[PDB]
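Undergrad: So I pulled this structure from the PDB, and the sequence comes with it:
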Amino acid sequence: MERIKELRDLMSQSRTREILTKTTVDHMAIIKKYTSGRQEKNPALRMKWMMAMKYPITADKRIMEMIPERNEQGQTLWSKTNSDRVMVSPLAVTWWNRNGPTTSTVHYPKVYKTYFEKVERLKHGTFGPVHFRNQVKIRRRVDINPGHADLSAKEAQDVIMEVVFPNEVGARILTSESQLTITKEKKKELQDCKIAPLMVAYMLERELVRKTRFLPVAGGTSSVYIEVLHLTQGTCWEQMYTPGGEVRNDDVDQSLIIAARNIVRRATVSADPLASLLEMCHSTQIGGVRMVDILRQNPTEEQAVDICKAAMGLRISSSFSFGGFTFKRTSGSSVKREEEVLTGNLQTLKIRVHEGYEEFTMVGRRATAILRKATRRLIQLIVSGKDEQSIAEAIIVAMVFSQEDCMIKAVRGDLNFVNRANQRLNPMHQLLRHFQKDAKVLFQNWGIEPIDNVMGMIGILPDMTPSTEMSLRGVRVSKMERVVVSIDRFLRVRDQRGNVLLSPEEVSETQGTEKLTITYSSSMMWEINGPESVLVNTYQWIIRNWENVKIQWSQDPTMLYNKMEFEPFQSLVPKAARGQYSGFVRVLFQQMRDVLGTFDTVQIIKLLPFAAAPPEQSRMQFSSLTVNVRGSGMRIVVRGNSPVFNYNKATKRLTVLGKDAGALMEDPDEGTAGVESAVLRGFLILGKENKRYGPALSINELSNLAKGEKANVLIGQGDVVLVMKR
Amino acid sequence: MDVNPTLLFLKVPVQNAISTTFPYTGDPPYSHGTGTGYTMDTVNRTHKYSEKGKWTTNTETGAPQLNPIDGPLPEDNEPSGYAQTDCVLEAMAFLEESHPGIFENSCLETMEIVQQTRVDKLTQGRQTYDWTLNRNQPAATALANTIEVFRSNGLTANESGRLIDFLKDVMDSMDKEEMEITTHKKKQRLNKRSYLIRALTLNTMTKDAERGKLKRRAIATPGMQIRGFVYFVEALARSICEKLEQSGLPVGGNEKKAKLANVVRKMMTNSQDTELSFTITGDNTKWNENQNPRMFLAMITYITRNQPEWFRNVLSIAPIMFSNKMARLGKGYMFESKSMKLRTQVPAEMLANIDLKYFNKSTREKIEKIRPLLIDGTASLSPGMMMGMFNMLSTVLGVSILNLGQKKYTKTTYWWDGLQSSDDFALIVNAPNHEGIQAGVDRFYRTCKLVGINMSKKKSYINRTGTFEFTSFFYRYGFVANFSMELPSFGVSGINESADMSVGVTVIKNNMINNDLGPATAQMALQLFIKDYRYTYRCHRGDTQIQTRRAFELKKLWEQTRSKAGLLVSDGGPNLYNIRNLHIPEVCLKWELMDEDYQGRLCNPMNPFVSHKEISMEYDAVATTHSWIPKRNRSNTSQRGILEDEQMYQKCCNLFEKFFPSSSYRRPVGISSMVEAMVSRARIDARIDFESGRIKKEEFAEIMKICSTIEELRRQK
Amino acid sequence: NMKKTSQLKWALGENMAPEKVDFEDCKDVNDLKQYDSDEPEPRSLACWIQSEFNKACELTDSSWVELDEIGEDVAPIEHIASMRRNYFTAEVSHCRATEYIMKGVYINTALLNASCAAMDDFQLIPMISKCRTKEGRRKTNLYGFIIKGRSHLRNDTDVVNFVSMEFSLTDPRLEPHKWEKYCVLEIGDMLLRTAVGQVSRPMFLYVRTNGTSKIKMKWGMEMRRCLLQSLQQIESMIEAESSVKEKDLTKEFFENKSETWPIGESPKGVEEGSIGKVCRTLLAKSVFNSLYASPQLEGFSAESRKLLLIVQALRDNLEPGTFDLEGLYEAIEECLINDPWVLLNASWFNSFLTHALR
Amino acid sequence: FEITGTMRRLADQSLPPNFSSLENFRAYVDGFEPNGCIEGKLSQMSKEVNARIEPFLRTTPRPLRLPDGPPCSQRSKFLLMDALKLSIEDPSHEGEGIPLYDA
RNA sequence: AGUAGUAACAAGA
RNA sequence: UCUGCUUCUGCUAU
RNA sequence: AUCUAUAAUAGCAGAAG
Ligand SMILES: *O[C@H]1[C@@H](O)[C@H](n2cnc3c(N)ncnc32)O[C@@H]1COP(=O)(O)OP(=O)(O)OP(=O)(O)OC[C@H]1O[C@@H](n2c[n+](C)c3c(=O)[nH]c(N)nc32)[C@H](O)[C@@H]1O
Ligand SMILES: Nc1ccn([C@@H]2O[C@H](COP(=O)(O)CP(=O)(O)OP(=O)(O)O)[C@@H](O)[C@H]2O)c(=O)n1
Ligand SMILES: [Mg+2]
Ligand SMILES: [Mg+2]
């Protein structure tokens, strides 16, 4: 009523009518941003340049009736300006704050509930000690605002639009049941709201919309730990801290899986993996809560979590998760090998392929299925879902799980298998995400076969239609428990019958990052840390204890090789390599103790962790040794410096992965003659090339020489040198 | 003892103390006079690097245009603009061969972008050349002026609201006999050539507040006829850059550091053990002046193969317009007579018909060298990109040259890869010995020469792989922290008291997170920010003696208040911030400690220092009284005729928001006029209200009658 | 407000801007010419700037900065940070460079406020500073006076002229080339105790016309960021060693002084100072960057960073190679024209090269 | 989206030297396949176009050359090491804080 | 004069 | 007749 | 597990090229 009379008043005139008629709604935003003047620039200088003035503030003329022109000292609080605006001093703000009409109904706590949640989390937080340590912060994407657990950012924005502006949503429809529930609750909670709809929308954006950022993180990546990242994680220190509220069960499950995988991987290297594993789970906390107390009350299905539960005499599920479905192997076995495959979009990538026939019960909430499969082959899939969308979900999950070459070749479009920061993504998760948006091509390229119509069931066709004649190549539709276990010294989980149910070999090798901070209390607070931390701390321990380590490396080397301090390192060495590597390094060290004058402290420190394995004999000469860091094999070069281990001869400070490890003092028996006895197995390097002895041959070409014979070898980073066979 | 800070590098590596070498505590250098000198010098350098090219005269503008494409191969190591089209096409072909399907997928996403983008996107620009006024104007103002002139000339496809329809309007405007400019009411008429020269013009200004440079340089801003095409081309190039592992764009910040570290890490992993590995920290010299628009057209034509023809056309228009672009000379010069003690301004438009006696040696040489190109106060500049106008496309070209470094293309024992961010680049070369490294470096340099890329020899260096610099990111076996670069972000921002508190504390916290700001230095930064804040806003602690106009009210409020720890710093309260609570705002930090009456005054729903919206009943305010609005002085020219246009614009937009509640939360869409949309909304709202039962017979009749009256007024003025 | 006398009109440059006329009224003037746009006239490095820097690194008796209060320390990291900050504040509050910081902040603030509040007046601005003596009581200091000229500053590079009269005991006839811009008067005699005996020493007034802009004044009021620039580096070095030691090393660095860093040069050779001396040196360097900000400094810093990195790659035994080393040297030397701070920094770079190559 | 009229002529003049119309250039680009264009252009280019690496040794770098002329002058906005202050041991007077009183 | 440095300020209307 | 383009980050809501 | 993005309100400020 008011507004229509207002509009008629503006249309009665001439220029406003021409504006209202000759301006579409799309151009209204342009004319709304339309500004006249010299714009503005450097407002900090302006603020310093106007706060010394008398009236730097502009307010509405209504303030005449609220703020007096003068206080009890005759200082002017506002001055009329030659319009509805009025120039005002900050003294007016302070006079309102000390004399203005007060009230018991303020909207600040409700509109800004999330900030008060931060306040409450800090108030009830628990502070532990500060530990100064070599910190390895990795840059990754984390949550700055957690948002609603159910909704995504798009869904949260849709909910906000439907709640605040119901008649302006356009063609959009809320599809999810969580969306509808939250919309109902917010519309119920916001009737008779005296706040403007814009600020209500922004309050709901703070409450519901999830927001992420790339940050350098150590410790937990959950939003309750990211909000206090400045307080808990430093350059050289970790502040033990636990937020005050309630933890999300999802984050607890994730961090438990991470800790269990790290613990099992480190335990496999020990000479008594069972006792080692028990000690670690007894000395581990997850978000402030003891790991054993979590393991006694957490129903998480995972291989390493089940191994941890079995070692402490608990009932396990012997099941895992994949694509939202719970998988339980009923019969069969498998091993895991790395296989390079080419996808439908010409992207080559390695997948962990499981060799061996096996059978699974795949339980979802809206679907269920029996699967039988072999090495990259879907032998049989009997799905029993409720709705055809759930049936399609389960079929897609089973085709991806089968690791069929048809599935790998069905990839079309711009499917990336790397992160935006060029980090490796899980290929199976990427294929699942790709086919869950549209699996038309997968259904076409899967294949069809005629049905014999057994048991009354009916098969489904690539068009998601039921057909009694044909179906997919192995797919059939249908109309529709924690066991006591044992565990031995080597972490093999037998059943009550005596057949192996789990093994450390079934534990996923992916090195992930915890959502809640994992706290380890032992001699080495880094023992169950990530690979970069483990490498840095292993070398830092070696050079920090270099006096006793150096005295022991000569008297009883076997005692030194057997130290626990090298076992977190050995879990990063590839298994098949360990023994060989060890043998190599040990032979080097022995031929180093036999040749007087050849003593290189850097070489011993470099190769000492690799000697921690039972040495297997071999005639191979290694120019490098591999350690698995985040899915990639980093090479430590036997001679000289490298990008994972570089000793600066000038500063004398060893650097491992860019993190300083410390300085090496002056060893009197350092070998300045130039001879090297710990680079090649059975060869003393006597210096640079001598053209007398012929051309340079390869490292792996030296096995047919005889003792008392020099040669020129292209051993190193493009360095030709002169060696001789002992 | 003579103190030498540089001697600190004898023990601390230069990277681990790189922050010392950034003197960002002093003021940056500004320009004082005109930019005509830098503009003329830029044009002359661009024509010098391409002087062996072919000269032609433009049949549409009459401007002399230089074409250095396929010119004579360079004979020295001076910068050359003689890019060979076959080498550029080969680089594109091999980039597509090494990443099958990149251009196809990029063109699909860019087709979606081109079909959905609104003309409002153009308003997201800064100061824009406005051909209607022949002056710099805000982007929204320039766009509105362009739309008004186009409409008065019978061009109204932009009414669709799509950017591509406005581009069609621009295309059709470039074919009219005469353009009508209606000022305030003087009716000017540009002809075809004059309008065309104004439409292909980029205004030139001098870049101010720039670190690391002894001498100033010129920047350019294009008009509205260029910006839509450049936006579509840059969107395509961004889609391409997103799919390339060597691109340092459009990733930035922590994500960029992570990508660079991971990519260099993978590169060092791929290099075999027996190989020699070297890294070139490299800059390219005269990057924008040697990026030819014709090569951008060739690249776009190869990228858009087998695409619809409308898409290829709309993507080809930007390189065409940039190939025929004019650079406005600027403000001109100023002349002084000491004996007569007078000074005068000489515009640039009279720099072709002026006597050369007035100028010094170098300026006279500049004018003599540039005079053949002068038309209507602009200079013809066919070669060059005119300062970062195609950052992402030039990034694609550099990445193609990087991609040419695999062993399948070098066909030798050496190979190379690296990182490319527009002009900056990090090149990792691998080879079995030093001669192979030299050969790979020579081959990369000469291949860059073939495509118009000139490696800066004086700014680039090479060392064993492991340390380098890329886009001011210093990598010593990993990227180091450089706190000095973020130093100008500390301080009072000048928004208001609340926002300045929030920004100061948040900046301190984020610098602890990202830039290795230690805890003790963070506490001292907090203390220094609180000092600067209290000085700026005259809000020193109530129980102090500093004398100011505000101090009496602050003392009264202090003595009035039981719980002093609850008062905000802007109210003369204490500073309760520490490392613990940097992430918590100030009103929430001390909400529990506030006195009830002070709390109900600070957060009063009828706060008079913030704006109130009507529902004369108004919504309750939520913000505190420290969220006031600073007076913005905007008062001496003839451009005062737009103040009334803008006032009436604001009146209309507030009325529309009274009719459309979500118009200020999300951008509204619609081809209907404002009055039509508002009347239809009023009608449907009155209908669903009378139906649901909020209004009666008579009010509904009155609303429908006012609507009919407005509709007969819009049809019958 | 000072009366606009003849001497004040001359010293503040009033009516020194030529009349702005149209080109069509003055095109036929014989000496009408383009504005002088010469290269700055070159100057040689004099030994007074190294003495200025040596004095700016000194420890003083008064405390020159009183930092505000922060919340109470609850977390153990906040207690550790408070201890380290006490060491830092002790080092930084008793540095001469901190007195320069406070002096410049006060002067630039007073000048900006005067320029805003009185555009047409010659305001008298005293150079005031506050400190706390070793015994702990507040002390007010007057350095002299500033008269601001007219300050109708349209742009942010527009110059406001002022006259500065500053007390001194330094004889201007000992290093006259330093005082080219000044007219130094003799205004009094001063009685100073040194050990047991006081002498009558002449007290001079250094008077000069100077100028500034709103940008220079804005960057002068924000000079306390120099403290952060130094302290962040100092703490980073502390933290760099703490990670290797797995313990807080603030006390071991500040109290034991077993760790030293090359910070200077003497006839004996390179001299090494404690972490506090390094902190004061970096603070003085940041402060002198702020006081002597120039395009020459920007160019020199940016261009010499590359030579520093090449020398580092050489010390790292990374086989550094160049392409146009002579071009880099030419670009570095293009910035060395007349600014004493940049010339001192270039001399420092030559000394660093000497010590780092051997 | 049609390129017609003035824009067509501008496109006809925005090409490499050996093309007369945008359509001919588009046809050439569509038919283009790489065949030793870069290797041939490299074989043609002179050997004086190169990036020869100069080793940076301990004896390689020379000292920077500082300019010549009269000695530099003081340019600070205030005295630094020659400053003298007249001080009051405690500003405990009337109207404190105002600078003229203290002065 | 001074600021300043490749062109300006040293008020303008 | 005077702060451009691009990218990231932070803050705010005429 | 993903997540500039199975994404798109706008303005200002800092940095980089
Ligand atoms: O966030 C990660 C993880 O913590 C989380 N997760 C894992 N388990 C749970 C549960 N139980 N509840 C909630 N969240 C859970 O999901 C992410 C998975 O970790 P990630 O390292 O990314 O992948 P992972 O290494 O686990 O492998 P993935 O592809 O997810 O497969 C999981 C599981 O499936 C086994 N598997 C796959 N295939 C194709 C198999 C096969 O053919 N034969 C057999 N026997 N097993 C197969 C994988 O080996 C894993 O066991
Ligand atoms: N503000 C900026 C700075 C840079 N750029 C873009 O970055 C390029 C390199 O700038 P640059 O600054 O590295 C060129 P410089 O090293 O000074 O000199 P040289 O060319 O003789 O080598 C420019 O040519 C623009 O494309 C921009 O668009 N805006
Ligand atoms: Mg570079
Ligand atoms: Mg550069």
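TA: On my side now, so go ahead. Numbers count the residues shown, from 1 in each chain, chains lettered A, B, ... in the order given. Ligands and ions are numbered 1, 2, ... in the order given.
Undergrad: who's in contact with residue A:262?
TA: For residue A:262, the contacting residues are A:511, A:518, A:528-529, by C-beta atoms under 8 Å, 6 or more residues apart in numbering or on different chains. In this view, the C-beta of every residue, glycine as well, is placed from N, C-alpha and C.
Undergrad: swap that for residue A:368, please
TA: Counted by C-beta under 8 Å, 6+ apart, residue A:368 has contacts A:361-362, A:383-385, A:394, A:480.
Undergrad: can you do 7 Å?
TA: Applying C-beta atoms under 7 Å, 6 or more residues apart in numbering or on different chains to residue A:368 gives the contacts A:362, A:384-385, A:480.
Undergrad: Now the element after the one helix or strand residue A:86 maps to, going C-ward?
TA: Residue A:86 is part of strand A:85-88, with elements assigned from DSSP states H and E. With elements assigned by DSSP H and E, the helix or strand that comes after strand A:85-88 is helix A:90-99.
Undergrad: Same question for whichever strand in chain C runs longest: list its buried residues.
TA: Longest strand of chain C, by residue count under DSSP state E: strand C:198-212. Buried residues in strand C:198-212, counted by 16 or more other C-beta atoms under 10 Å in any protein chain shown: C:203-210, C:212.
Undergrad: Nearest the middle, which residue of the chain would you pick?
TA: Answering for chain A, as no chain was given. Most central in chain A under C-alpha atoms, centre = their mean is residue A:513, positioned 4.6 Å from the mean C-alpha point.
Undergrad: Not quite, go with chain C.
TA: Chain C, centroid-nearest residue using C-alpha atoms, centre = their mean: residue C:288 at 2.7 Å.
Undergrad: Would you agree that one falls within a strand?
TA: No - Residue C:288: not assigned to a strand; according to DSSP: H, G, I helix; E, B strand; the rest coil it is helix.
Undergrad: wait, it sits on residue C:55?
TA: No - using C-beta atoms under 7 Å, residue C:288 is not in contact with residue C:55, being 11.2 Å away.
Undergrad: Starting from residue A:52, give me the distance back to the residue lying closest to residue C:184 once chain neighbours are set aside.
TA: Counting by C-beta to C-beta, 6 or more residues apart in numbering or on different chains, residue C:184 lies nearest to residue C:172, which is 3.9 Å off, once chain neighbours are set aside. Residue C:172 sits at a distance of 36 Å from residue A:52 (criterion: C-beta to C-beta, to the nearest Å).
Undergrad: What residues does residue A:461 make contact with?
TA: Counting by C-beta under 7 Å, 6+ apart, the residues that residue A:461 touches are A:448, A:467, A:470-471.
Undergrad: go again using 8 Å as the cut-off
TA: A:448, A:467, A:470-472.
Undergrad: among those, which two are most distant?
TA: A:467 and A:472 (10.2 Å; C-beta to C-beta).
Undergrad: Looking at the two, which is more packed in?
TA: residue A:472 (19 against 14; other C-beta atoms under 10 Å in any protein chain shown).
Undergrad: Residues in contact with both of residue A:467 and residue A:472, list them for me.
TA: A:459-461.
Undergrad: if we can go back for a sec, tell me if the helix or strand just after the longest strand of chain C is near RNA strand G.
TA: On the C-terminal side of strand C:198-212, the closest following helix or strand by DSSP H and E is helix C:214-221. No - for helix C:214-221, no contact with RNA strand G is found by C-beta under 7 Å from any atom of the strand; the gap never falls below 10.1 Å.
Undergrad: what residues does helix C:214-221 touch?
TA: A:42, A:44-45, A:48-49, B:25-27, B:30, C:104-105, C:107-109, C:111-112, C:115, C:153, C:156-158, C:212, C:290, C:293, D:77.
Undergrad: do the same with stretch B:468-481
TA: A:643, A:646, A:655, A:657-659, B:13, B:15-16, B:18-19, B:248, B:256-257, B:260-261, B:264, B:279-281, B:419, B:421, B:424-426, B:466-467, B:482, B:485, B:515-516, C:236, C:309.
Undergrad: And for stretch A:472-484?
TA: Under C-beta under 8 Å, 6+ apart, the answer for stretch A:472-484 is A:315-318, A:368, A:378-385, A:391, A:395, A:398, A:443, A:446-449, A:451, A:455-462, A:466, A:495-496, A:501.
Undergrad: Now do the SS call for the residue in chain D that RNA strand G sits nearest to.
TA: Proximity of chain D to RNA strand G (C-beta to the nearest atom of the strand) peaks at residue D:51, 19.2 Å away. At residue D:51 the chain is in coil, as set by three-state DSSP.
Undergrad: so it touches residue B:458, yeah?
TA: No - counting by C-beta atoms under 8 Å, residue D:51 stays clear of residue B:458, with 11.9 Å between them.
Undergrad: Between these two, point out the one with more neighbours.
TA: Using other C-beta under 10 Å, the more surrounded residue of residue D:51 and residue B:458 is residue D:51, with 23 against 20.
Undergrad: Contacts only, for residue B:210.
TA: B:28-29, B:216-217.
Undergrad: Run through the strands of the stretch 251-400 of chain B in chain order.
TA: Using DSSP state E, counting those that start in this stretch, the strands of the stretch 251-400 of chain B run over B:276-282, B:326-328, B:333-337, B:342-346, B:374-375, B:378-380.
Undergrad: May I see the buried residues of stretch A:40-50?
TA: Result for stretch A:40-50 [16+ other C-beta under 10 Å]: buried residues A:43-50.
Undergrad: ugh, wrong one, stretch A:160-173
TA: Neighbour-count burial for stretch A:160-173 [16+ other C-beta under 10 Å]: A:160-165, A:168.
Undergrad: From RNA strand G, how far off is the residue in chain C that ligand 2 sits nearest to?
TA: Residue nearest to ligand 2 within chain C (C-beta to the nearest ligand atom): residue C:302, separated by 9.0 Å. From residue C:302 over to RNA strand G the distance is 8 Å, taken as C-beta to the nearest atom of the strand, to the nearest Å.
Undergrad: For the helix or strand containing that residue, enumerate the helices and strands it packs against.
TA: Per DSSP H and E: residue C:302 is located in helix C:295-315. Here helix C:295-315 touches strand B:461-464, strand B:467-470, helix C:325-333, helix C:340-357, going by 3 or more C-beta pairs under 8 Å, 6 or more residues apart in numbering or on different chains; DSSP states H and E.
Undergrad: Now distance to RNA strand G and mean neighbour count too, for the ones you listed, in JSON lines please.
TA: Shown next, in JSON lines, are these (distance: least, C-beta to the nearest atom of the strand, whole Å; neighbours: other C-beta atoms under 10 Å in any protein chain shown):
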{"stretch": "strand B:461-464", "distance to RNA strand G": "15", "mean neighbour count": "24"}
{"stretch": "strand B:467-470", "distance to RNA strand G": "9", "mean neighbour count": "23"}
{"stretch": "helix C:325-333", "distance to RNA strand G": "15", "mean neighbour count": "17"}
{"stretch": "helix C:340-357", "distance to RNA strand G": "18", "mean neighbour count": "21"}
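Undergrad: CSV for the ones you listed, including distance to residue A:726?
TA: Formatted as CSV, these follow (distance: least, C-beta to C-beta, whole Å):
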stretch, distance to residue A:726
strand B:461-464, 31
strand B:467-470, 38
helix C:325-333, 46
helix C:340-357, 40
